[PDB]
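# Structure at a glance
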Number of protein chains: 6
Amino acid sequence: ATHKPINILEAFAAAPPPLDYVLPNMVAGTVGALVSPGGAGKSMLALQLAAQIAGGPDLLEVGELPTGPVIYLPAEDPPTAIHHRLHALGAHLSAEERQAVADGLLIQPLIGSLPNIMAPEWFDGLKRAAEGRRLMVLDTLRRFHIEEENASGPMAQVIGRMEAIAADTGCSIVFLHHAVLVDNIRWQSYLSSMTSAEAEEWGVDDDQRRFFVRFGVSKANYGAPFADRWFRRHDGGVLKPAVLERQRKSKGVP
Amino acid sequence: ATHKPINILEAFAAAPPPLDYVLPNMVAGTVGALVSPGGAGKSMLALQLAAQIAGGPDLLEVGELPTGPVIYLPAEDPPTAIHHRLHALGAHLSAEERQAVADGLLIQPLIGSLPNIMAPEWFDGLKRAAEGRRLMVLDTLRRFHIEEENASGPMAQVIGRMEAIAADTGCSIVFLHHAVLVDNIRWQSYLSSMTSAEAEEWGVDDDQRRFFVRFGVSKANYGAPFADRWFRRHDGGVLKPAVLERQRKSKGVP
Amino acid sequence: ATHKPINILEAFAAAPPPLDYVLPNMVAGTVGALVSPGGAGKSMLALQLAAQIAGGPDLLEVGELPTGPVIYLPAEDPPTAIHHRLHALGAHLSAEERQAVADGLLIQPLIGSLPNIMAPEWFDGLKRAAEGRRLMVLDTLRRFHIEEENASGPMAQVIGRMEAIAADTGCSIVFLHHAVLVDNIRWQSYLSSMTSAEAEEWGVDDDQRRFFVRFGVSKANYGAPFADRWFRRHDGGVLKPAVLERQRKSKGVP
Amino acid sequence: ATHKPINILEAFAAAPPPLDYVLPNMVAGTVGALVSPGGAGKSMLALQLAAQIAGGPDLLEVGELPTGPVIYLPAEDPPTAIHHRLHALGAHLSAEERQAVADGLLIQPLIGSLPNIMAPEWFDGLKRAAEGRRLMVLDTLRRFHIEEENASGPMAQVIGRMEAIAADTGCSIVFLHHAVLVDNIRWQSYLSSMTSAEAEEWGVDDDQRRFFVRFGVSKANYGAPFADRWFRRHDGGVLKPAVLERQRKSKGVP
Amino acid sequence: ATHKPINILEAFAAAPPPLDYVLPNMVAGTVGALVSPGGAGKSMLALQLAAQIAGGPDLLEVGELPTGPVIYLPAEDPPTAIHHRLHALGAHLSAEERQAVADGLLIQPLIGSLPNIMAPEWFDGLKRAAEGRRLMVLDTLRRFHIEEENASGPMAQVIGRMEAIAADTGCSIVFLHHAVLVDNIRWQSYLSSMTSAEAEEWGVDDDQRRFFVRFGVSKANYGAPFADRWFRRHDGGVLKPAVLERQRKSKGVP
Amino acid sequence: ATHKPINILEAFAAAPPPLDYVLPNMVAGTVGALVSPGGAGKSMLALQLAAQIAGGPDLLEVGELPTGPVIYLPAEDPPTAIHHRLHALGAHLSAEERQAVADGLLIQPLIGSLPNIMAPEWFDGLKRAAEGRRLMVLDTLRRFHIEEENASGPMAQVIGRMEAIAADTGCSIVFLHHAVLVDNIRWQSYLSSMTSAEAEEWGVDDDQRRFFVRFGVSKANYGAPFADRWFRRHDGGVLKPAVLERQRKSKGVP
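Residues numbered from 1 in each chain as written, not as in the entry; some residues may be left out. Chains lettered and ligands numbered in written order. Heavy atoms only, no water.

In the PDB archive, X-ray crystallography is given as the structure determination method for this entry, at a resolution of 1.95 Å.

### Brief notes about the relation of the copies chain D and chain B
Note on the identical chains: chain D maps onto chain B by a rotation of 60° and an axial translation of 0.2 Å, with an RMSD of 0.5 Å. Taken together, the turn and the small shift mark the pair as related by a six-fold rotation axis. When C-alpha distances to the rotation axis are compared across chain D, the minimum falls at D:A151, with a value of 11 Å. (Least-squares fit on C-alpha atoms.)

### Section: the sheet that holds strand β9 (residues 212-219) of chain D
All names here are of chain D. The 9 strands are arranged β5-β4-β6-β7-β3-β8-β9-β10-β11 in an open sheet whose pairing can be described as mixed. With one partner strand each, in any of the chains shown, β5 (105-107) and β11 (239-240) form the two edges of the open sheet. The sheet contact formed by strand β10 (residues 229-233) and β11 spans 2 bridges and is antiparallel. Bridging from a neighbouring strand, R232 pairs with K240 of β11. (Pairing = 2+ DSSP bridges. Helix = DSSP H or I, 4+ residues; strand = E, 2+ residues; numbered from the N terminus.)

### Considerations on the packing of aromatic side chains
By the definition in use, this model includes 16 aromatic pairs over all chains. Relative to D:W230, the ring of D:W202 lies with its centre 6.3 Å away and its plane at 65°, an arrangement referred to as edge-to-face. Of the two residues, D:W202 is situated in the loop between α7 (196-201) and β9 and D:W230 in strand β10; the sequence distance between them amounts to 28 residues. With relative accessibility at 12%, the residue D:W230 sits in the buried group. Here F:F215 and F:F226 contribute two aromatic rings whose centre-to-centre distance is 5.9 Å and whose plane-to-plane angle is 80°, an arrangement assigned as edge-to-face. With a gap of 11 residues between them, F:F215 in strand β9 (residues 212-219) and F:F226 in the loop between β9 and β10 (229-233) connect regions that are remote in the sequence. For the residue pair F:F215 and F:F226, the accessibility class agrees, reading buried in each case. (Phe/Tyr/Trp six-rings, centres within 6.5 Å; stacked < 30°, edge-to-face > 60°. Buried < 20%, exposed > 50% of the residue type's maximum accessible area, 1.4 Å probe, protein only.)

### Observations regarding the interface of chain A and chain C
The partner chain C presents 34 residues to the 34 residues of chain A that form the contact. Between chain A and chain C, a total of about 2800 Å² is buried, with carbon and sulfur atoms accounting for 62% of that surface. In terms of surface lost to chain C, no three residues of chain A exceed A:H3, A:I6 and A:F12, which account for 27% of the buried area on that side. The interface formed by chain A and chain C holds 2 salt bridges in total. Where chain A packs against chain C, one counts 16 residue pairs in polar contact. (Contact = heavy atoms within 4.5 Å. Buried area = accessible area lost by both parts, 1.4 Å probe. Salt bridge = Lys/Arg side-chain N within 4 Å of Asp/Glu carboxyl O. Polar contact = N/O pair within 3.5 Å; in protein donor to acceptor, adjacent residues only side chain to side chain.)

### Looking at the pairing of strand β7 (residues 172-178) of chain B
Strand residues, when the strand is regular, have side chains that alternate between the two faces of the sheet. Residues and elements named next belong to chain B. Among the 7 residues of β7, 6 are classified as buried, and the element is accordingly described as predominantly covered. By the bridge criterion, 6 bridges tie strand β3 (residues 31-36) to β7 in an arrangement that is parallel. For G32, the partnering residue across the bridge sits in β7 and is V174. Pairing of strand β6 (residues 135-139) with β7, which is carried by 4 bridges, proceeds in the parallel orientation. Paired with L135 across the bridge in β7 is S172. Traced from β6 through helix α6 (residues 152-169) to β7, the parallel crossover comes out right-handed. (Right-handed = clockwise from strand over helix to strand, strands pointing away.)

### Here we look at the pattern of salt bridges
Proximity of charged atoms lets side chains of opposite charge pair with each other. Per the stated rule, a full pass over the model turns up 54 salt bridges over all chains. A salt bridge links B:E76 to D:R186; the shortest N-O distance between them is 3.8 Å. Pair noted here: B:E76 is in the loop between β4 (70-74) and α3 (79-90) and D:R186 is in the loop between β7 (172-178) and β8 (187-193), and the two residues belong to different chains. Relative accessible area serves as the criterion here: at 16%, B:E76 is assigned to the buried category. Among the salt bridges present, the one from F:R85 reaches F:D77, with a minimum N-O distance of 2.6 Å. Look at F:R85 and you get buried, because its relative accessible area is 12%. Assessed through its relative accessible area of 10%, F:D77 is described here as buried. One continuous salt-bridge network, built from bridges that share partners, spans A:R143, B:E163 and B:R186.

### What to know about unusual backbone geometry
Omega for the peptide link from A:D139 to A:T140 comes to 0°, which places this bond in the cis form. Looking at where A:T140 falls in the secondary structure, it is placed in the loop between β6 (135-139) and α6 (152-169). One non-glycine residue, D:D207, adopts positive backbone phi at about 65°. Tracing the backbone through its elements, the reader meets D:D207 in the loop between α7 and β9.

### As for the packing of helix α5 (residues 120-130) of chain E against helix α6 (residues 152-169) of chain E
Residue and element names in this part refer to chain E. The geometry of α5 relative to α6 is characterised by a closest axis approach of 9 Å and an angle of 35° between their N-to-C directions. Relative to α6, α5 is oriented so that their crossing is right-handed. Mapping the contact onto sequence places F123, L126, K127 and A130 in α5 and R161, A164, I165, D168 and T169 in α6. Across the contact of α5 with α6, the residue classes break down as 5 nonpolar, 1 polar and 3 charged. (Axes fitted to C-alpha atoms, helices over the stretch in contact; angles between N-to-C directions. Left-handed = near helix turned anticlockwise from the far one by under 90°. Nonpolar A, V, L, I, M, F, W, Y, C, P; charged D, E, K, R; others polar.)

### A closer look at the interface of chain D and chain B
At the junction of the two partners, chain D supplies 31 residues and chain B supplies 35 residues. Here chain D and chain B share an interface that buries about 2800 Å² over both sides, 62% of which is from carbon and sulfur atoms. Counting the surface chain D buries against chain B, the share from its top three residues, D:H3, D:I6 and D:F12, is 26%. On inspection of chain D and its partner chain B, the count reaches 3 salt bridges. D:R186 is the salt-bridge partner of B:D77, the closest N and O atoms lying 2.6 Å from each other. Put simply, chain D and chain B have 16 residue pairs in polar contact between them. Put simply, the parts of the chain that give the side of chain D that touches chain B at least two residues each are α1 (8-13) and α6 (152-169) of chain D. Across the side of chain D that touches chain B, the residue classes tally to 21 nonpolar, 6 polar and 4 charged.

### Quick notes on the sheet that holds strand β11 (residues 239-241) of chain F
All names here are of chain F. Read from one edge of the open sheet, 9 strands run β5-β4-β6-β7-β3-β8-β9-β10-β11, paired in mixed fashion. This sheet does not close on itself; its edge strands, each paired only once, are β5 (105-107) and β11. Going from strand to strand, the sheet's axes swing by 25° on average, the running direction of each strand aside. The sheet contacts of helix α4 (residues 95-104) involve β4 (70-74) and β5, and relative to β5 the element is tilted by about 65°.

### Here's the deal with α6(E)
All names here are of chain E. Helix length check: α6 (18 residues) gives 25 Å between terminal C-alpha atoms against 26 Å at 1.5 Å per residue, within 8%. Each element contacted by the buried residues of α6 is listed here: β3 (31-36), α5, β6 (135-139) and β7 (172-178). Residue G170 follows α6 closely and has a positive phi angle near 90°. (Expected span 1.5 Å × (residues − 1).)

Quick look at the structure:
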């Protein structure tokens, strides 16, 4: 990506247009990450945010977000599993909403395709796939490079190429990560399953905490504070705002 | 392999067909692993599951599984040893069951052949061998690559190529591994010899524990929970269900 | 860069010209660093210092500094965020001061441009951009090389190239670094958000410490001591002196 | 090496031919190791075992073994030391036995020859020398490769090449190793000088333990258990059975 | 460099000429090192010893040293800083002594030049610069190579090249090093700022210890023991003998 | 080096000639090492053994050793230092002995010559220099290679080349080492300065233990036991048998 010098006098003289956020606290045209241990629900959450930006409803009740074409690249899930996940989500959408989602969302399975962003063929293809789009989701980062995720140099190159695509096309990029990488990212969100401790704190008996997960923004530079959110895992894993009440007075001794 | 974009509206519109499992909790067309310390019985278990999927009887009493051509690639055992294991297993099969196994199972010894999936010759050969088959078993992974199993980058490439073959041919791949690879695998099963503590728990005298092993699925993303299984080692190591009874009231002080 | 041998006799007889400092304690024509944890305010401080040297006012109350052309290279901030930062700073500048800054400061966004000082094309371009200039700011170092920052050999080459550019052109270079690498630098400054301990030491009640940050020179070889400074964070993050006084007697028990 | 698929039906119907052991518990046509600290007596034991298989007497009292041509490759001992070792062993052989050994054993000194199994010239030469032979002994492994023995990738290739030679020619390969690397071997034997604790356990007074060494198979997959053996060190280092008996009641307090 | 065989009979027959020392305990035509933490005063001490060997006075009161052409190569200090140090030193030299120093000392700044002794261009240039000279000072070693100072192999090559230049030209080489290299060096001297404990030992008030430094030889193979020296820091850092008296009876309790 | 197969029948039928030792317990035609911390006296001891094998007297009173041409390669000492060392030693030799030493000993200084045995030019030269000789001494190993002495692979190559030279030419090679390497060597000797503890044990008062050093063979496979020897350091470092008496009854409390 190449940029023209900033017009300093203009920036001083007039108020610049408000920042454009693709996601809460994430500026459009940049790279971000969604992290959590495997199985926490990143793929489901990612699909839901993708569907919302594509034009679907705000089922997650995060802020209302601008709409634009979205491309989701799942490289770890078998296609038939994705079918089932979409069918499950579909139960939460009206006929008009299902249509809007299909009109703005592209899902291209890449399991076994071996994408390597450090290879010209894939960098070129990914950049072309980002053109005209507002968001690109990579699930997960591990399958889009062949470097050591512990090597700062190689990873600075891998992440740098995502920044190049985003800056040149305007299409934001969010990669999922099972868990440095975070040091090279300016926006980071996460998923954290409800712990036994949190279960007691929110009046959820153990045995049931398996159905709740919290989401928040762990790293951001701009925008108003985004409060952590609790989601309930419905049939098929679909996430929806949880209805929970703080257990001010303990039920026993935590 | 290459995939067609997901038809979103169709996925929403009607429930997709049920998932096709090659093994308990493992989706057909993906890669999985069977792990345990050396000498625990992976080769015998693998041969039995292979014989089952090939069309043989469900001697292991694990779930009922779809049948299809199977290719077993033992790269560490002397060919004559494989003959002894087959002969032992044969004593548990009727005439028609032996014919069934023979018609659907191919066993190609590779000791001394040095297969290297990162080499074009072997990748192409292994992919060709997977064509038209339901399952391919690699025994063990160590002899199918020349990388440092501690290196995430190189191993991501090795496992990645197995995913390419499985997704492209539809043939599932399961590799054995002597006790990371777990991080890059979505399905994982294991074998663990009966401990002295477990022997006490199941009323099995110590010294006799050497004849029992437990089999379970430690990592799976889809499907109903698979209950751990206890197997009894018979002549030649052939595995059978074993009917153990948990000692409710201990025989003494464990 | 090339230097002429030192004329010994002349150095003895003539009074050495006063050292030319681009920044407090930093000799013009050398490389230096501004260090701090991400989010402490390096980008804002650097911008204000750059505006001052370019010809703007001494808003920070640091020593008056020689003026000269300045080029600021932000490689991590999206252009729109820079527009906003400039507009905020502009509220502290008169019409004449705004023009002075615009006349002497050049800001070239590099997000996604992937600069690599070890690559001929980039070394040449950066060297070319340093010609005729007083100061060049790299924000941050991590985005100007693809090496391991903990590797002395590689970083010697990276830092060495910045030294070559500064020496040959006369343009000083200051790179930002998010909290080894300081062992290769002769000038280092830092930013440190006020801690609870420091707030009690300076008469700032807790809950208000979020408004203050300290700036100081942690490594220098020449010049009179630069006293640590406390800055108050104003709208948009603009830093202003806001003088504090030491709390001789504690307000309680620290 | 190349193998023919296993004829399943035949393996079921026909009784598998008895496993052919080159050494106790070691299947002919595979790779194995003899391990111990330097100086324990590996070279002498290996020479005696080699002489036996070549057609000499069973001086060691191990199981009678099939006879066949043997090639011994000492890469660490100067030729003159080998002459002396042979002369010492000769005192235990009759005229007819000496001739049998000379007829079936080939000893090619390689000290200073710098064999490297990873080099085409040496892999080809060693493979050629294994043709038509029953056993090939490498003394010791360290002098047949230039890799890091603690590096799994490189050693996989080194050991893999020995497996290829053994499988293709039918000639078993046993390499000596001075006390990871055993994880890649299926057969392992050892030598261990009698310790003070073992001497008291076997009725040997201290000060005499220097005369005894124990031999045993530490890793094996097939065959009836081989009982650990105690050998007495005679002139020149020649090993002979010398049977000991367990000391039921201690001679004091161990 | 190339050497003629030693004439043994001649060496036996008569006592060889006395050893030629370039510095205390350091034989002419070899490599040595001056080590200390950064900021201890190595550059000033080095310049003074250089000025002495060049023909200046023995201000340091170290042994009397043979005179000869000297070349000083400071690669980290801005040229203008060197002018200030020379000017300060000049105040301690008479008119004739200044001329003496100027006639025998060459100072070639190399900041930003990036000398790399492993590169043919620089090795050849440095060797040419050593021709006809008595001493060459490298300040500091870090800027004369691009290797990992932790790597024994590469450093053995770097130091080796310095030995080649010294042995071939006869010009001794001393490199400064900010606190392995010691293992590959036969002569090593150091600087260590006065500790609070040492201050007490020499009746120097704390807070004033900052003006004293001790110089010594930590590694030397030949010559009479060199006694540690205490130096007083004067204006501009110029070093002078300092006449300290050891406090026999302590002033209080150390 | 290449060797003809061993004539087995001949080795059995007749007693082979006694082993030829170049040094106590070291077989001629092999590689050995002399190790000790720097400054212990390896260079002096090495020169003395070299002079003895060359034809000089057994000043060290080790065993009487066969004579043959010797070449000593000092790569760390300045030539003039070697002159002084030889002159010192000369004081202990008669005119006839000095002549014998000069007739059989060649000393070729290599300081700054940068020998690299892994380079064709140097391997070829060293091998040529070993032809017709009985012993070659390298002082020290570090200066004859550019590898990491901690890397077993590279070192196996470096040492292997010395074995190649020795085996092909018959010239033994002993390298000195300041202190793995020892694991690759079959003969090792050492020097150990007298400790305060040893001083008391041999009735040597402290302050004087600096004049005594012990020598022994730490690793050997053949020959009769070699008892550790105590040497006294005379003028110039020349070593001679020390006249010491065990302090059976302590002088106080050790």
